[PDB]
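Visitor: quick one: initial chain(s) of a complex, as found there:
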Amino acid sequence: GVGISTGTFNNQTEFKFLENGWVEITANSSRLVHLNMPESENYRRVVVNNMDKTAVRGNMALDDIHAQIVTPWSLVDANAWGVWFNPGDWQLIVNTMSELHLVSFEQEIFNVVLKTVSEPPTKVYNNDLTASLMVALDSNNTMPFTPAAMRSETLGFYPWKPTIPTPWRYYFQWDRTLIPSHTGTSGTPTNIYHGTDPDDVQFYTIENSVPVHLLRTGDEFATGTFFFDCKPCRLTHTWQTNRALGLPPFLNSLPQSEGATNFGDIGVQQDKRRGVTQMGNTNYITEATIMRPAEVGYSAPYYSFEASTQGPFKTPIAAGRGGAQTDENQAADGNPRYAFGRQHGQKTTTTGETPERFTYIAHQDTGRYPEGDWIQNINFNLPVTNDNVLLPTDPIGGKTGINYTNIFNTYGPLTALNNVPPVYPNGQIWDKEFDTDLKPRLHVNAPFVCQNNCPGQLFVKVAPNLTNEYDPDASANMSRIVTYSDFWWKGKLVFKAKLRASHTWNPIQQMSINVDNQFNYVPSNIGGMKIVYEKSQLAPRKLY
């Protein structure tokens, strides 16, 4: 009906506790979405070329050359923690849960409204009861997957603030070459956009692949419930590194008086100790020598850019680093860095077009400190001679700033690592898996990776509101009545988690409000707000 409401606005998060410490977390979210008619009603294949920037020989990393199909459709993406949980709820989950399971997700569009503008510069807004809001749900997942969280373009993080969907667009194949160089490179290094391989051309259109529903004012649209199928995510971090795996050496001499300099001593000549090592050469059995079952973490090339058919790209790392050689200042390769606007956590009363940022440094110790790496000749005659060792200080290729660890890789059959932790609230929640024959062991952008089909994407678009003069036979762009729509969106994301118990004698890490952060969880006198990032795997767990 025209003058009837088709739904409920619910942003309540329910915690249903079940037998055996299981909890069914039901996150409800609703937002008022604002949508304008498309720039143009057509699909465009556009190429982006920032040649003048990558032509500065030393600037390869700043390459932006790519091709894309620009569609007249908008994308309603809610894949981001900030859309479902507020700080308070997040605290509860993170402090008391041990593991989190992604169960299901359903969403609907209701209370649709379409208005038109008519214009001394004074506008007037009216309701066009007959105008339609086009909704398309790509359930089959034909359209290429384009998670908005990667560009901080999801829905708003505050329930009492209207939001908007993002103009949908996807990558169109293109070949491109760009040879790396440095400040002093002589000549002009090849840097060109080759074009398109017809054999890889894929031009998709919502119209030809998805049934489109036309919603008028009294219409609503709901997707069914979609059940995820993916590994659980842990809310505990490991701390043990190869150096803390197994039975420690027996201390034959213990300290007899308190102090920070009163150590205990093993008490056996390093070369007369009993035990096992993988060094068939020496009889030295030290903590750095003793054999460990496998290897926690791995070393990978840092700030390595590889290039294939379409240009260079950063080689991704699984884990960050951090610790007492750390702490958002040294924050090197591996630690994700989120940049975002006012809709997703930046002080809303802040002016200027500079985003808010943060580098997420996980509590899990599975990274590497290259400065501490080194390689020595197999003969293992120590103290090691300069010619018999390769340090992170010895230059590679005559370059003063590149050492071996920079191109080093220790991934292998003995590598053990953990999946990335949830980044509240700017992080992505679930992600689609690659359609390659051999798949990656994890993704660095989300903890949940649908093994099957991921929920299909939801597209919206304001139907063309034609005037009385329309001539399709003409070359000029069609003139439409300025129309826009505002509709309500409601989602329900359901997780299942397990409550934790206390196994150590000591208490553990817990997120808490205090005198220093207190003002990050309350509005200002102007009504300003912000959502500060929070770590997720606070409690520790044994790794072995």
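Guide: Happy to help now that I have it. Residues are numbered from 1 along each chain as shown, chains lettered A, B, ... in the order given.

Visitor: show me where the stretch 1-150 of chain A has its helices.
Guide: Secondary structure of the stretch 1-150 of chain A (DSSP state H, counting those that start in this stretch): helices at A:51-54, A:81-84, A:87-96.

Visitor: so for residue A:207, which of those sits nearest?
Guide: helix A:81-84 (28.2 Å; C-beta to C-beta). Using the backbone N, CA and C atoms, a C-beta is placed for each residue, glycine as well.

Visitor: that older thread, let me know which of the helices of the stretch 1-150 of chain A is tucked in deepest.
Guide: Per-stretch averages of neighbours, counted by mean count of other C-beta atoms under 10 Å, single out helix A:81-84 among the helices of the stretch 1-150 of chain A, with a mean of 26.

Visitor: want to try JSON lines for the helices of the stretch 1-150 of chain A, with distance to residue A:441 as columns?
Guide: Output for the helices of the stretch 1-150 of chain A, formatted as JSON lines (distance: least, C-beta to C-beta, whole Å):
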{"stretch": "helix A:51-54", "distance to residue A:441": "33"}
{"stretch": "helix A:81-84", "distance to residue A:441": "23"}
{"stretch": "helix A:87-96", "distance to residue A:441": "25"}
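
Visitor: for residue A:309, find the nearest of those helices.
Guide: Among the helices of the stretch 1-150 of chain A, the nearest to residue A:309 by C-beta to C-beta is helix A:51-54 (16.9 Å).

Visitor: contacts for the closest one, please.
Guide: A:59-60, A:62-65, A:178, A:191, A:193 (C-beta atoms under 8 Å, 6 or more residues apart in numbering).

Visitor: let's see 10 Å
Guide: A:59-65, A:178, A:181, A:189, A:191-193, A:311-312 (C-beta atoms under 10 Å, 6 or more residues apart in numbering).

Visitor: kindly report the same for stretch A:262-270.
Guide: Stretch A:262-270 is contacted by residues A:248-256, A:273-274, A:282-287, A:289 when judged by C-beta under 10 Å, 6+ apart.

Visitor: let's see it at 6 Å
Guide: Residues from elsewhere that reach stretch A:262-270, judged by C-beta atoms under 6 Å, 6 or more residues apart in numbering: A:249, A:251-255, A:284, A:286.

Visitor: and the residues you listed, which two are the farthest apart?
Guide: Most distant of the contacts of stretch A:262-270, by C-beta to C-beta, are A:255 and A:284, 24.8 Å apart.

Visitor: ok, now chain B:
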Amino acid sequence: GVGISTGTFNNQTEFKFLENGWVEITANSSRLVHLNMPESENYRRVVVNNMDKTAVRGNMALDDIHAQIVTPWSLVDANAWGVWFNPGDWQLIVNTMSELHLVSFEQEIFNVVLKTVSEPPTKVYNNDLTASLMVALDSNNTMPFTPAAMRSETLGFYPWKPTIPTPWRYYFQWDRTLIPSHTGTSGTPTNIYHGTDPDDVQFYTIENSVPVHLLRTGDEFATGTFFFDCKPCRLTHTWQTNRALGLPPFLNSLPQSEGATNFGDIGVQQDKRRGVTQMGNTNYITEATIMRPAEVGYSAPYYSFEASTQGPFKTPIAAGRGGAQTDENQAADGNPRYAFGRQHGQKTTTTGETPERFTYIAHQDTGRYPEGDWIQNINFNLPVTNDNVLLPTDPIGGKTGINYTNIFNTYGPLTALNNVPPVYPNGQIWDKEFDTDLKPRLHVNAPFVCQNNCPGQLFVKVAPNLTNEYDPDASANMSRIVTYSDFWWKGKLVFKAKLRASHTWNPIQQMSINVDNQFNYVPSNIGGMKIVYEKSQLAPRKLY
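Guide: With chain B now in place:
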């Protein structure tokens, strides 16, 4: 009952042959265990610091800095081949079995006895019928896993020799930095123990996590039967390397008279041969060029130390090397080296605190001979020019002792390798798997890795035998009656194996006693004994 025995001493190994060549090997083991009261009744958090040794710039590999919780409990660990099989039995298994499956493990403590000492320096020993022996079985596996085999601290390998458990202790988190250096490094390289990250603090106590049973003289304690769930272990070695995979080249000319210099010849110009290769450049099809399905083995960095949050540690390798470029003298990276005492195989009548050792060199050929590696320019114009090849002889980073193979890594989607072989008798049998999201494909310390829960650890401790003067309100350490206990331990480890059959025309490798080793399997005139290590995968098997 006080004057009644609660068990049987059985160290018999049963071989039950079943239909279809399957055998149920039941290894029974019993030992008389001796246990003294703890140093102190308290738990201590101790730090070990051998700064003065790692401060010798060239000595990083000798680092021992670590923290550990020292408990008053002792650990009864029987995870080591030497505890269950004698040479004779091992021979049978190794010579006639093809694969070995770890089935179950159960153990019990019986005939408990507690005595007290009382003291011209003449001691007197009495039975304290009321004194108790505390037994705790961490079935849930809350305590961190600390397999004693890694430090040769399991139970004794001879059934007729009393043994003892080891003082239990586990790693306590700590941060620590140590920058590598060499003899001629100028200045003082950072080498410090930072402390502890509260976020990773885990102080466990037997008392707060495991129910403790108090056993008096007439008491016994038995664990139930525990069934393992892990991949089978093979008792055959592969010998084929990439060079021996598939159809050999057809010899167009065969030799016509015996001799070691009368070879056959392929008989087709190397560049006129038919076949397949992954080198799109040349038409050369040689044995080192012809395409093989995948790659057996992989190259990894040798004598590489990586470092994370707690110090440096050796990067582990999956396989050893060996062969005609071998044989316990060159014995380089990958080959495990065991050091051990008299309880585990060293001549028992030997004096001195120097351990017995051996580097285990597996019969499987899946290693690498770096000296034979090399890399050449893609243009493949040969004979190759010096500037177009990188040999294991060309220095990397200006270091005379470091070549590319030293930092090289060829692990990849085409890598194929085998799990580590059993090392009798000093090797560990089963091992717990890491509690990381992505797990290692194997462990280098044991053939069996419980996919589920590994049998929980068994802890023992002599209950405090207080005197009449005890004041808990005091700071001084409590004085106890010198008490100790001797109890009998009996275990039953069950495997299932498959008998082998003869498929080749030639006979194969078999372990056998002869004129040279004969005296390693018999006691001396003094009653000395020893247990010499033995190889396990004697017979060969096709790999492809």
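
Visitor: the contacts of stretch A:262-270 again, this time with chain B added?
Guide: Identification of contacts with stretch A:262-270 by C-beta atoms under 6 Å, 6 or more residues apart in numbering or on different chains yields A:249, A:251-255, A:284, A:286, B:46-49, B:62.

Visitor: can you pick the most crowded of those residues?
Guide: Within these, most neighbours by other C-beta atoms under 10 Å in any protein chain shown means residue A:286, with 27 neighbours.

Visitor: that residue reaches residue B:64, doesn't it?
Guide: Yes. Using C-beta atoms under 6 Å as the test, residue A:286 is close enough to residue B:64 to be in contact (5.5 Å).

Visitor: where do the contact lists of the two overlap?
Guide: Taking C-beta under 6 Å, 6+ apart as the contact criterion, no residue touches both residue A:286 and residue B:64.

Visitor: which one of the contacts of stretch A:262-270 is nearest residue B:225?
Guide: Nearest member of the contacts of stretch A:262-270 to residue B:225, counting by C-beta to C-beta, is residue A:249, at 33.2 Å.

Visitor: stretch A:520-527 spans what distance, first to last residue?
Guide: 13 Å (C-alpha to C-alpha, to the nearest Å).

Visitor: wait, I meant stretch A:238-255
Guide: Start-to-end, stretch A:238-255 (C-alpha to C-alpha) is 29 Å.

Visitor: show me what that stretch is in contact with.
Guide: Contacts of stretch A:238-255 (C-beta under 6 Å, 6+ apart): A:262, A:264-267, A:292, A:296, A:364-365, A:540, A:543-544, B:68, B:146, B:148, B:150-151, B:169, B:171, B:173, B:200, B:308-311, B:313.

Visitor: so the closest residue to residue A:166 other than its chain neighbours, which of the three states?
Guide: Take residue A:166 and drop its neighbours on the chain: the residue closest to it by C-beta to C-beta, 6 or more residues apart in numbering or on different chains is residue A:153, 4.2 Å away. Secondary structure state of residue A:153, per DSSP: H, G, I helix; E, B strand; the rest coil, is coil.

Visitor: just give me the neighbour total for residue A:153.
Guide: 20.

Visitor: any idea how far chain B is from it?
Guide: Distance, residue A:153 to chain B, by C-beta to the nearest C-beta, to the nearest Å: 29 Å.

Visitor: and residue A:260, by the same measure?
Guide: Here residue A:260 is placed at a distance of 8 Å from chain B (C-beta to the nearest C-beta).

Visitor: and for that residue, the neighbour number?
Guide: The burial count for residue A:260: 8, using other C-beta under 10 Å.

Visitor: for it, give me the backbone phi and psi.
Guide: With angles defined as degrees, to the nearest 10, residue A:260 sits at phi -90, psi 0.

Visitor: include this sequence as chain C:
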Amino acid sequence: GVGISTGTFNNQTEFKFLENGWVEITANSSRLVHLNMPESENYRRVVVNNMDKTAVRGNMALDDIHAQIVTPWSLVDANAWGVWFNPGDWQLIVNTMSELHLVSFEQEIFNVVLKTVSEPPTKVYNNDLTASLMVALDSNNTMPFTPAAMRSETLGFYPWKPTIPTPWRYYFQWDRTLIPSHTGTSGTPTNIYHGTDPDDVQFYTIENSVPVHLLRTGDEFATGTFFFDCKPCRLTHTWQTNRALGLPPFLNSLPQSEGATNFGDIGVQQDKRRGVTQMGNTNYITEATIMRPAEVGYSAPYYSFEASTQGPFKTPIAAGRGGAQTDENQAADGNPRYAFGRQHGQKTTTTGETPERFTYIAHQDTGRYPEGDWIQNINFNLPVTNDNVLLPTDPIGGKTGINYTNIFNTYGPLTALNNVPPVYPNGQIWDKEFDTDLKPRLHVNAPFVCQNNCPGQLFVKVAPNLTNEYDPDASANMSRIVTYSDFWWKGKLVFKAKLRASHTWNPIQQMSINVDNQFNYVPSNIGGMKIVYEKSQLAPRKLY
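Guide: One more piece, chain C, placed on the ones above:
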């Protein structure tokens, strides 16, 4: 049986989660208890008289005069949080529970052992199998209630440290007068111990009121399960004070730019506002004037000593105070202060007979800041004149240090307050209710007050081990064989709690380990330990 164990040592704390967010917390506790034979086998009625101290006219508060029956029995008291929960468990309860219910309590004595000493000064300890340990359980509650927590004399807080019961003794009626005085009081103020009112004489003996069980070595003793019946205890604190109850005044003018000095203003002359007040005189309606439903908290006389038949005593207060006019330095009347030894949380390696202390300052804001109180003439003509107001600065009785608030009392039919919060670990858990006709609304020493019968007290005593020369007909004290006993105690305290949910947008207070407290939850390198007090009602709750 003599050589058989009669029990299990269990100090595990189980958390059983049920449907609807309820949790059944089962705290198990076991300790090795050490017990010496009594000083004397007789009951003594002793009077304590510290006349010489209270005779210093200004020292009344230091009075210790009292009479007591000294029994040869010892009391095994486990009524104290520290006996049942370690820091880790306490953290879990306090951070995630909303309310706590005391359900049941059962305990047993097992593995009894009796030894005798025999004596160059060298002692020898033997087992006297026939000697008995007397156990008496006053289930009917005939003996006067004497909770040991009040004098920090409960069982030990660490499961791995033997403990001891306390010599039982109870108050014997006595009359006594002591007139207060001050430094300059002239003459000698009456200060005397009158004696005993026969009409109030109550001499109780364990022997005549409780059946006593004789336990020899192979004996055990268990009480049944006892179910408590008392109000639940909340784990949330209220923060609202009369000034924050109800609908705030409507701000007619809001701030327009961020800042800590940009306030909003009500915007209506204080005497032209609409609303309700209990001041029939004026038309002023201010925040301190507007009528509130009732009164949170109450004002009581501070450092008031009252005196009845047996001497002076401090008038107890229900709530503390604290806040930004606070914080363990100003910590005045109402805030409990615990003093204790090494058995209950003081650094165990600390020497000296000085106790460890702390003043518990509750998170609940229900106290008073006298400095802010005042009283003014009913005519309410302001600004108030000196003669028309009585400030906390105006002297009462010509005394410079006493003001009206000192003798002030605002308890009344409109008073609302909360029960005392749990003080971990030194606080008492449950308490017996007074057998008076009109009972107190709460106790200040414990959150749980059994409405019915509280669990009866458990007494122990070493039976007389006579020598061959005993003549009861003699006046001399009987000579006994030096005997002592060590027995194991195990208890099970069960609570039921409700899990909390997140209702605010902001996160809340949570106990957590950090860089500053980290070392309070881990043993030292000497094996030192300590248990630091923790607050219990961290989360806030609405009061109205």
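
Visitor: same as before for the neighbour count of residue A:153, with chain C this time.
Guide: Residue A:153 has 20 neighbours, counted by other C-beta under 10 Å.

Visitor: just checking, it touches residue A:165?
Guide: No. In this structure residue A:153 lies outside contact range of residue A:165 using C-beta under 6 Å: 8.7 Å.

Visitor: verify the contact between residue A:67 and residue A:49 for me.
Guide: No. Distance between residue A:67 and residue A:49: 9.7 Å, which falls outside the contact criterion (C-beta under 6 Å).

Visitor: pick out the residue nearest the middle of chain A.
Guide: Nearest residue to the geometric centre of chain A (C-alpha atoms, centre = their mean): residue A:445, 3.3 Å.

Visitor: rewinding a little: pull up the overlap in contacts between residue A:153 and residue A:165.
Guide: Contacts common to residue A:153 and residue A:165, judged by C-beta under 6 Å, 6+ apart, are absent.

Visitor: still on that earlier bit, quick one: the residue nearest to the centre of chain A from residue A:316, how far?
Guide: From residue A:445 across to residue A:316, the span is 9 Å (C-beta to C-beta, to the nearest Å).

Visitor: same check on residue A:303?
Guide: 12 Å.

Visitor: then residue A:260?
Guide: Going from residue A:260 to residue A:316 by C-beta to C-beta gives 40 Å.

Visitor: cool, residue A:469 as well?
Guide: Applying C-beta to C-beta to residue A:469 and residue A:316 gives a distance of 53 Å.

Visitor: ok, which stretches of the stretch 301-450 of chain A are strands?
Guide: For the stretch 301-450 of chain A, the strands defined by DSSP state E, counting those that start in this stretch cover A:305-308, A:311-314, A:337-340, A:356-359, A:374-376, A:389-390, A:395-396, A:399-403, A:415-416, A:430-432, A:448-450.

Visitor: for the nearest residue to residue A:440 once chain neighbours are set aside, give its distance to chain C.
Guide: Excluding the flanking residues, the one nearest residue A:440 by C-beta to C-beta, 6+ apart is residue A:434, at 6.6 Å. Distance, residue A:434 to chain C, by C-beta to the nearest C-beta: 36 Å.

Visitor: before we move on, what about residue A:451?
Guide: Taking C-beta to the nearest C-beta, one finds residue A:451 at 29 Å from chain C.

Visitor: pretty sure that residue sits against residue A:229.
Guide: Yes. Residue A:451 is in contact with residue A:229 according to C-beta under 6 Å; the separation is 5.2 Å.
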